[PDB]
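Before any questions on how it binds or moves, here is one chain, the form deposited in one PDB entry, in structure tokens.
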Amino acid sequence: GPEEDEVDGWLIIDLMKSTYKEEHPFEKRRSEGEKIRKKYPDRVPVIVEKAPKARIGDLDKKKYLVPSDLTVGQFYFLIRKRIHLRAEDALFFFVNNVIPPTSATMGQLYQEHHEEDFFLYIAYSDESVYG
């Protein structure tokens, strides 16, 4: 459920819409996120999860470390291929419940949308409204 974490004198409220967040306590996630960012300042750590209601393939692995210059379009290609999605079937990414432009880079998305644990969370679905 909704979580509250204190960082730098702020009480951070997180609606916790992520299986990964539910299974990994905030302190552990932020500690790992800090470590990955320090070790690889040029890479973007992404947690990729299927929207619950989406009737398409699930991912076997959620954790991707991608170059900052990888485009959203290239990441679509990778995810689509990994879940064996036919070309006739739609796939949408959501970051903070908004579909990012295919032309955006993963570094841009990280800078605009990374969470208080230093991970970027992307959900995906077969439909353009998240659910």
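In this text, residue numbers run from 1 along the sequence as written.
**Prompt:** Higher mean Cα B-factor in the deposited model: 50-58 or 72-80?
**Reply:** Going by the record's values, the stretch with the higher mean is 50-58.
**Message:** If you take the mean CA temperature factor per stretch, which one wins between 122-130 and 1-9?
**Reply:** Looking at the record's C-alpha B-factors, the answer is 1-9.
**Prompt:** From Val66, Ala104, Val95, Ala90, which pick has the Cα B-factor that tops the rest in the entry?
**Reply:** In this record, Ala104 carries the highest C-alpha B-factor of the candidates.
Missing here is the form solved in complex with a partner chain; even so, the following discussion is about that form.
**Prompt:** How about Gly57: is it within 4.5 Å of its partner chain in the deposited bound form, going by heavy atoms?
**Reply:** No, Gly57 is distant from the partner.
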